[PDB]
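Text of start-v5.txt (compact mmCIF, C-alpha atoms and all ligand atoms) as supplied:
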```
# COMPACT_ATOMS: atom_id res chain seq x y z
CA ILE A 1 48.76 36.86 -33.08
CA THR A 2 52.19 35.57 -32.21
CA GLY A 3 52.48 34.58 -28.59
CA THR A 4 52.62 31.61 -26.28
CA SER A 5 49.82 29.16 -25.69
CA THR A 6 48.12 29.58 -22.33
CA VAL A 7 45.09 28.19 -20.52
CA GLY A 8 42.52 30.57 -19.16
CA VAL A 9 39.47 29.84 -17.09
CA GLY A 10 36.06 31.37 -17.19
CA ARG A 11 32.34 30.85 -17.09
CA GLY A 12 30.04 30.29 -20.02
CA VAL A 13 26.59 31.63 -20.75
CA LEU A 14 24.95 29.03 -18.51
CA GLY A 15 27.28 29.75 -15.60
CA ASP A 16 29.50 26.70 -15.99
CA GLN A 17 33.22 26.98 -15.46
CA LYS A 18 35.55 25.79 -18.18
CA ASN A 19 39.16 26.10 -19.24
CA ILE A 20 39.89 27.84 -22.54
CA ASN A 21 42.96 27.82 -24.73
CA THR A 22 44.32 31.32 -25.02
CA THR A 23 47.44 33.04 -26.35
CA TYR A 24 49.55 35.42 -24.31
CA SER A 25 51.25 38.43 -25.84
CA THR A 26 50.76 41.45 -23.54
CA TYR A 27 47.11 40.43 -23.28
CA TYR A 28 45.55 37.00 -23.17
CA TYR A 29 43.68 36.51 -26.42
CA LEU A 30 40.95 34.03 -27.28
CA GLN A 31 43.24 32.24 -29.69
CA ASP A 32 43.50 28.48 -29.28
CA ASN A 33 46.66 27.25 -30.97
CA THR A 34 46.07 23.63 -30.01
CA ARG A 35 43.67 22.94 -32.87
CA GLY A 36 44.63 23.21 -36.51
CA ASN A 37 45.70 26.70 -37.50
CA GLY A 38 43.88 28.16 -34.58
CA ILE A 39 40.48 29.01 -33.20
CA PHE A 40 40.01 32.76 -32.84
CA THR A 41 37.16 34.49 -31.04
CA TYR A 42 36.37 38.16 -31.57
CA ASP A 43 34.34 40.87 -29.89
CA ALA A 44 31.86 42.53 -32.25
CA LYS A 45 31.01 44.99 -29.43
CA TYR A 46 27.29 45.13 -30.21
CA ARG A 47 27.99 46.32 -33.74
CA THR A 48 27.70 44.59 -37.08
CA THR A 49 31.16 45.17 -38.49
CA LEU A 50 33.00 41.87 -38.65
CA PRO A 51 34.97 40.28 -37.26
CA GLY A 52 35.57 43.00 -34.72
CA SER A 53 38.59 42.74 -32.45
CA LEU A 54 40.34 39.57 -31.41
CA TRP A 55 39.17 39.05 -27.86
CA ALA A 56 41.74 40.44 -25.44
CA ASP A 57 41.71 39.98 -21.68
CA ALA A 58 44.16 41.31 -19.13
CA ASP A 59 44.32 38.37 -16.71
CA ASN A 60 43.28 35.15 -18.49
CA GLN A 61 40.17 34.92 -16.27
CA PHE A 62 36.87 35.14 -18.11
CA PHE A 63 34.19 35.36 -15.41
CA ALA A 64 32.56 38.63 -16.39
CA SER A 65 29.05 38.50 -17.78
CA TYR A 66 30.37 40.16 -20.95
CA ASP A 67 32.92 37.35 -21.32
CA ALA A 68 30.46 34.46 -21.19
CA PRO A 69 29.40 34.35 -24.85
CA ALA A 70 33.03 34.49 -25.93
CA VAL A 71 34.04 31.69 -23.56
CA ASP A 72 31.39 29.42 -25.01
CA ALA A 73 31.88 30.33 -28.67
CA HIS A 74 35.58 29.62 -28.24
CA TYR A 75 35.21 26.44 -26.20
CA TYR A 76 32.41 24.93 -28.26
CA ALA A 77 34.26 25.67 -31.49
CA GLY A 78 37.03 23.56 -29.98
CA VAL A 79 34.63 20.73 -29.19
CA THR A 80 33.26 20.88 -32.71
CA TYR A 81 36.74 20.83 -34.20
CA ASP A 82 37.51 17.79 -32.06
CA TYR A 83 34.36 16.04 -33.21
CA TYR A 84 35.16 16.49 -36.88
CA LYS A 85 38.81 15.54 -36.45
CA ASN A 86 38.37 12.61 -34.07
CA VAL A 87 35.17 11.17 -35.52
CA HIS A 88 35.46 11.98 -39.24
CA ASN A 89 39.18 12.61 -39.70
CA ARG A 90 38.32 16.08 -40.97
CA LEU A 91 40.70 18.91 -40.16
CA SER A 92 38.61 22.02 -39.63
CA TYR A 93 35.82 23.08 -41.94
CA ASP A 94 37.90 23.06 -45.14
CA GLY A 95 39.68 19.80 -44.39
CA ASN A 96 43.01 21.65 -44.31
CA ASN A 97 42.90 23.15 -40.83
CA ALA A 98 41.55 26.56 -41.80
CA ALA A 99 41.54 28.96 -38.88
CA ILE A 100 38.13 29.02 -37.23
CA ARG A 101 36.88 32.51 -36.44
CA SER A 102 33.83 33.51 -34.42
CA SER A 103 32.48 36.87 -33.34
CA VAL A 104 30.22 37.34 -30.35
CA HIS A 105 28.18 40.29 -29.15
CA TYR A 106 27.05 40.79 -32.73
CA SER A 107 24.52 43.62 -33.00
CA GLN A 108 21.99 44.42 -30.27
CA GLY A 109 19.35 42.02 -29.07
CA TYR A 110 20.20 39.81 -32.01
CA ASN A 111 18.17 36.60 -32.00
CA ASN A 112 20.30 34.57 -34.36
CA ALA A 113 23.68 33.15 -35.25
CA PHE A 114 25.11 32.48 -38.68
CA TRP A 115 28.07 31.61 -40.85
CA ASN A 116 28.74 34.63 -43.03
CA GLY A 117 30.80 32.80 -45.66
CA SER A 118 34.01 33.27 -43.66
CA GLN A 119 33.28 33.10 -39.94
CA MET A 120 30.69 32.33 -37.30
CA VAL A 121 28.64 35.14 -35.84
CA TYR A 122 26.59 35.03 -32.63
CA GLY A 123 24.00 37.43 -31.36
CA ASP A 124 23.37 37.93 -27.67
CA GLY A 125 19.65 37.44 -28.09
CA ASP A 126 17.13 39.85 -26.61
CA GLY A 127 16.81 37.92 -23.35
CA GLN A 128 13.32 36.78 -24.35
CA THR A 129 13.66 34.65 -27.47
CA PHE A 130 17.34 33.87 -26.84
CA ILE A 131 20.17 34.35 -24.42
CA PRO A 132 23.60 34.58 -26.07
CA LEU A 133 23.45 31.92 -28.70
CA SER A 134 26.96 30.54 -28.32
CA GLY A 135 25.73 29.06 -25.05
CA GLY A 136 24.29 26.21 -27.10
CA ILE A 137 26.80 23.63 -28.21
CA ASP A 138 24.34 22.41 -30.82
CA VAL A 139 24.11 26.01 -32.07
CA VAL A 140 27.87 26.44 -32.33
CA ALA A 141 28.22 23.11 -34.09
CA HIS A 142 25.27 23.98 -36.34
CA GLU A 143 27.08 27.13 -37.43
CA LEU A 144 30.46 25.49 -37.99
CA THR A 145 28.73 22.75 -39.92
CA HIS A 146 27.46 25.36 -42.37
CA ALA A 147 31.11 26.03 -43.17
CA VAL A 148 31.71 22.28 -43.61
CA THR A 149 28.75 22.07 -45.96
CA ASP A 150 29.86 25.10 -47.92
CA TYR A 151 33.32 23.58 -48.43
CA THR A 152 31.94 20.16 -49.39
CA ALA A 153 28.50 19.55 -50.90
CA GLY A 154 27.90 23.26 -51.29
CA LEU A 155 24.14 22.91 -50.88
CA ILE A 156 22.50 26.08 -52.16
CA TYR A 157 20.64 27.82 -49.34
CA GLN A 158 17.11 27.64 -50.71
CA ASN A 159 14.32 25.15 -51.25
CA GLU A 160 15.18 21.47 -50.86
CA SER A 161 18.94 21.78 -51.10
CA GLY A 162 18.74 24.50 -48.47
CA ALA A 163 16.58 22.39 -46.19
CA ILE A 164 19.19 19.63 -46.51
CA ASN A 165 21.85 22.19 -45.69
CA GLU A 166 19.89 23.13 -42.57
CA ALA A 167 19.26 19.55 -41.55
CA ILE A 168 22.94 18.71 -41.95
CA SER A 169 23.71 21.53 -39.52
CA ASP A 170 21.05 20.32 -37.07
CA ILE A 171 22.20 16.70 -37.40
CA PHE A 172 25.85 17.45 -36.77
CA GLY A 173 24.97 20.07 -34.19
CA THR A 174 23.17 17.31 -32.34
CA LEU A 175 25.90 14.75 -32.87
CA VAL A 176 28.42 17.23 -31.46
CA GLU A 177 26.11 17.79 -28.50
CA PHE A 178 26.07 14.04 -27.91
CA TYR A 179 29.85 13.91 -28.38
CA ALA A 180 30.32 16.43 -25.58
CA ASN A 181 27.73 14.44 -23.61
CA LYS A 182 26.28 17.22 -21.45
CA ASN A 183 22.47 17.04 -21.42
CA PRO A 184 22.36 15.73 -24.99
CA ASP A 185 19.07 15.52 -26.83
CA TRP A 186 17.57 15.64 -30.31
CA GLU A 187 16.29 19.18 -29.80
CA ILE A 188 17.89 22.28 -31.29
CA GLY A 189 18.90 25.29 -29.25
CA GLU A 190 17.18 24.33 -25.99
CA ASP A 191 20.04 25.68 -23.88
CA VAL A 192 19.70 29.26 -25.16
CA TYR A 193 16.12 29.49 -26.41
CA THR A 194 13.37 31.23 -24.40
CA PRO A 195 14.91 31.51 -20.92
CA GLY A 196 11.43 32.13 -19.52
CA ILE A 197 10.03 28.85 -20.86
CA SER A 198 11.38 25.51 -19.70
CA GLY A 199 11.39 22.39 -21.81
CA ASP A 200 11.08 23.93 -25.27
CA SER A 201 13.51 24.43 -28.12
CA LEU A 202 13.75 26.10 -31.49
CA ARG A 203 13.33 22.86 -33.42
CA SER A 204 12.90 19.21 -32.57
CA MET A 205 14.45 16.47 -34.65
CA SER A 206 12.60 13.74 -32.79
CA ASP A 207 9.24 15.43 -33.33
CA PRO A 208 9.58 18.40 -35.69
CA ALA A 209 5.85 18.94 -35.67
CA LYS A 210 5.98 19.95 -31.99
CA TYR A 211 7.23 23.33 -33.27
CA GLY A 212 5.17 23.37 -36.47
CA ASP A 213 7.76 21.89 -38.76
CA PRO A 214 6.90 19.11 -41.18
CA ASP A 215 7.78 15.52 -40.41
CA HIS A 216 6.68 14.13 -43.77
CA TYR A 217 7.29 15.23 -47.34
CA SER A 218 3.54 15.60 -47.91
CA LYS A 219 3.63 18.44 -45.36
CA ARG A 220 6.54 20.31 -46.93
CA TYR A 221 6.38 24.06 -47.23
CA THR A 222 6.42 25.31 -50.80
CA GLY A 223 6.18 29.07 -50.24
CA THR A 224 8.92 31.67 -50.39
CA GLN A 225 9.46 32.60 -46.74
CA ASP A 226 12.67 31.46 -45.08
CA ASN A 227 14.45 30.90 -48.40
CA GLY A 228 11.77 28.44 -49.39
CA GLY A 229 11.43 26.94 -45.93
CA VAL A 230 15.02 25.90 -45.26
CA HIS A 231 14.47 25.89 -41.47
CA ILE A 232 11.00 24.38 -41.90
CA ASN A 233 11.48 21.56 -44.39
CA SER A 234 14.65 20.59 -42.56
CA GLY A 235 12.24 18.85 -40.19
CA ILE A 236 11.59 16.19 -42.81
CA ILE A 237 15.28 15.31 -43.03
CA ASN A 238 15.88 15.80 -39.31
CA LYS A 239 13.10 13.31 -38.64
CA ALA A 240 14.61 10.84 -41.10
CA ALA A 241 18.00 11.20 -39.39
CA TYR A 242 16.45 10.78 -35.95
CA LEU A 243 14.70 7.63 -37.15
CA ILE A 244 17.87 6.21 -38.68
CA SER A 245 19.66 6.65 -35.37
CA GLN A 246 16.96 5.96 -32.81
CA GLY A 247 14.33 3.98 -34.71
CA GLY A 248 10.60 4.30 -34.40
CA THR A 249 7.36 3.82 -36.23
CA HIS A 250 6.30 6.98 -38.00
CA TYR A 251 3.13 7.22 -40.08
CA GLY A 252 2.98 3.45 -39.76
CA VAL A 253 6.47 2.84 -41.17
CA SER A 254 8.83 1.10 -38.77
CA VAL A 255 12.51 1.97 -38.74
CA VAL A 256 15.18 -0.10 -37.02
CA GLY A 257 17.56 2.32 -35.34
CA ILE A 258 21.29 1.91 -35.99
CA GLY A 259 22.63 4.50 -33.54
CA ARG A 260 24.17 7.95 -33.69
CA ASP A 261 27.65 6.93 -34.74
CA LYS A 262 26.44 5.17 -37.88
CA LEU A 263 24.04 8.01 -38.62
CA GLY A 264 26.99 10.38 -38.47
CA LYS A 265 29.15 8.18 -40.68
CA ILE A 266 26.42 7.82 -43.28
CA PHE A 267 25.54 11.49 -43.40
CA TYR A 268 29.15 12.65 -43.30
CA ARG A 269 29.92 10.42 -46.26
CA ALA A 270 26.81 11.60 -48.08
CA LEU A 271 27.74 15.22 -47.44
CA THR A 272 31.34 14.87 -48.56
CA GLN A 273 31.13 12.29 -51.36
CA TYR A 274 27.67 12.39 -52.94
CA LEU A 275 25.66 15.55 -52.32
CA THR A 276 26.02 18.47 -54.68
CA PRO A 277 24.91 22.10 -54.51
CA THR A 278 21.54 21.29 -56.06
CA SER A 279 20.71 18.00 -54.35
CA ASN A 280 17.04 17.56 -53.52
CA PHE A 281 15.54 15.29 -50.89
CA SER A 282 15.25 12.33 -53.28
CA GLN A 283 18.91 12.75 -54.16
CA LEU A 284 19.78 12.89 -50.47
CA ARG A 285 18.01 9.58 -49.98
CA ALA A 286 20.05 8.11 -52.81
CA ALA A 287 23.26 9.57 -51.39
CA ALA A 288 22.52 8.21 -47.92
CA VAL A 289 21.66 4.78 -49.33
CA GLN A 290 24.86 4.74 -51.35
CA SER A 291 26.88 5.95 -48.37
CA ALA A 292 25.45 3.24 -46.13
CA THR A 293 26.13 0.71 -48.89
CA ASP A 294 29.76 1.83 -49.10
CA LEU A 295 30.20 1.65 -45.34
CA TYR A 296 28.15 -1.41 -44.40
CA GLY A 297 27.21 -3.37 -47.52
CA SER A 298 24.13 -3.48 -49.71
CA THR A 299 22.47 -6.22 -47.64
CA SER A 300 23.18 -4.51 -44.34
CA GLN A 301 20.69 -3.43 -41.71
CA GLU A 302 22.13 0.07 -42.04
CA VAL A 303 21.08 0.34 -45.69
CA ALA A 304 17.66 -1.13 -44.90
CA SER A 305 17.17 1.37 -42.09
CA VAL A 306 18.13 4.33 -44.26
CA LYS A 307 15.47 3.27 -46.75
CA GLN A 308 12.88 2.75 -44.01
CA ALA A 309 13.55 6.18 -42.55
CA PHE A 310 13.19 7.99 -45.86
CA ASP A 311 10.09 5.92 -46.58
CA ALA A 312 8.69 6.96 -43.22
CA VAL A 313 9.04 10.65 -44.10
CA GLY A 314 7.69 10.19 -47.61
CA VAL A 315 10.94 10.71 -49.53
CA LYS A 316 11.51 8.28 -52.40
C1 LIG B 1 20.65 26.92 -34.51
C2 LIG B 1 19.91 28.26 -34.45
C3 LIG B 1 19.91 28.80 -33.01
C4 LIG B 1 20.57 29.27 -35.40
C5 LIG B 1 20.32 29.00 -36.91
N1 LIG B 1 21.04 30.04 -37.67
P1 LIG B 1 21.45 29.82 -39.17
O1 LIG B 1 20.62 28.69 -39.75
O2 LIG B 1 22.92 29.60 -39.32
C6 LIG B 1 20.98 31.39 -39.95
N2 LIG B 1 21.17 31.34 -41.38
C7 LIG B 1 21.35 32.51 -42.01
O3 LIG B 1 21.49 33.60 -41.47
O4 LIG B 1 21.38 32.29 -43.33
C8 LIG B 1 21.57 33.48 -44.10
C9 LIG B 1 22.96 33.85 -44.60
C10 LIG B 1 23.39 33.42 -45.85
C11 LIG B 1 24.67 33.77 -46.30
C12 LIG B 1 25.52 34.55 -45.51
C13 LIG B 1 25.06 35.00 -44.27
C14 LIG B 1 23.80 34.65 -43.82
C15 LIG B 1 18.83 29.03 -37.13
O5 LIG B 1 18.16 28.01 -37.10
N3 LIG B 1 18.31 30.25 -37.29
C16 LIG B 1 16.88 30.48 -37.40
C17 LIG B 1 16.53 31.33 -36.14
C18 LIG B 1 15.07 31.73 -35.91
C19 LIG B 1 14.88 32.02 -34.41
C20 LIG B 1 13.43 32.42 -34.12
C21 LIG B 1 13.16 33.73 -34.89
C22 LIG B 1 13.38 33.52 -36.41
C23 LIG B 1 14.81 33.03 -36.69
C24 LIG B 1 16.51 31.17 -38.66
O6 LIG B 1 17.41 32.01 -39.15
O7 LIG B 1 15.45 30.97 -39.22
CA CA B 2 39.63 38.88 -17.26
CA CA B 3 20.83 19.53 -24.68
CA CA B 4 20.19 20.11 -28.36
CA CA B 5 13.36 27.80 -23.22
ZN ZN B 6 21.52 27.00 -40.15
```
I need this file expressed as structure tokens, please.
Amino acid sequence: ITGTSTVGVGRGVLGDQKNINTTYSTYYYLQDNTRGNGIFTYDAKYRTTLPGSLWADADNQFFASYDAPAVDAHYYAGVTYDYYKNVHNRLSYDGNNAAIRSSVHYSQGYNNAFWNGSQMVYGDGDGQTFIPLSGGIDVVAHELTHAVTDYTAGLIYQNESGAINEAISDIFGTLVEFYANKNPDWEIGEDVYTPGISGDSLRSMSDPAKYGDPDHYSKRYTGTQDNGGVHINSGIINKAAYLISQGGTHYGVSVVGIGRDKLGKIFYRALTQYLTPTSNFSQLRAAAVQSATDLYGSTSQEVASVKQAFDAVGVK
């Protein structure tokens, strides 16, 4: 909408106060004009018609319980935009400052979030498996990264290419979480998953097997559930990424860690310059090796560590 840029204040899902960029025109709308061609957050009002209505608020104060998922979807989309712009010189998900749209309060008791091809969508959770999912910065960044993937490598959402797609979203979700630097970890969704259980998460990149996901290619899922295991076999790539960044010895293979920033550079380059819609894990290894070679040189530690990490997870 046309209006003037304003700054509201509110509380997120976890009860933390934050400022949000809004737009004033009669109402204060969750429309952040400070980033690209805008970040827009919508109320799906417990229904499934999308996007719903651009979030309107009378007073620019967003402290109601109903407001909290919108506050966080809006704010964390901003953080994610900043990560891609500041760290990777990428302007929004399409590289041309496409408007970023999110809807919250999607459906009833909805234990998921997704990119629907055009926008991000967040359930509120059922209060048992999840609280409103936009409360997780890694979740928000995971979802926006799906849009980045779809505009770049285009990894088909099934089997190995789909597991790479998932891992890319977990990797950049985690790197955005570290970028914001509030309780960062290599776990996925811990801030919104299972409010009645402390210390768990939906997935772990550092130890995927803690939640039943494979951490070695020899343990990959080959069945048909979950689009051929896209959220399962992502553990193999997540583990490789964790090892590249943090190092470790895994199934006897030692990996010299090179840190998060270089992980992000290598995988961003792989995603945007080498991966294709049909890339498999072996092709991801090759893309990551080539990306590290481009960035750091063929004889570099970074290239050696990429190879070690993929070796450690059984991907040649
Ligand atoms: C970071 C997470 C908090 C959210 C993440 N969402 P996503 O990958 O974007 C969902 N991807 C999806 O919807 O692709 C389908 C599609 C394709 C095309 C258009 C529209 C949609 C995820 O990991 N979801 C898990 C959550 C499980 C939770 C336990 C119960 C089981 C589910 C899953 O879906 O398996
Ligand atoms: Ca208000
Ligand atoms: Ca965390
Ligand atoms: Ca996390
Ligand atoms: Ca929990
Ligand atoms: Zn995903």
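Among the candidate residues A:229, A:189, A:297, A:247, the one lying nearest to ligand CA 5 (chain B) is A:189, with distances computed using all atoms listed in the file.
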Let me have all residues with an atom within 9 Å of ligand CA 4 (chain B), counting only C-alpha atoms and all ligand atoms, laid out as JSON, numbers by chain.
-> {"A": [136, 137, 138, 139, 170, 173, 174, 177, 178, 183, 184, 185, 186, 187, 188, 189, 190, 191, 201, 203, 204]}
Using only C-alpha atoms, which residues sit within 9 Å of residue 59 (chain A) once same-chain residues fewer than 5 positions away are excluded, as a list in words?
-> residues 8, 27 and 28 of chain A
All residues 7 Å or closer to residue 214 (chain A), only C-alpha atoms, same chain fewer than 5 positions away omitted, as a PyMOL selection string | chain A and resi 208-209+219-220+232-233+235-236
Non-local contacts of residue 273 (chain A) (12 Å; only C-alpha atoms; under 4 positions in same chain excluded) as a PyMOL selection string | chain A and resi 149+151-154+265-269+284+286-288+290-292+294
Nearest to ligand LIG 1 (chain B), chosen from A:158, A:4, A:53, A:107, with only C-alpha atoms and all ligand atoms counted in the distances = A:158
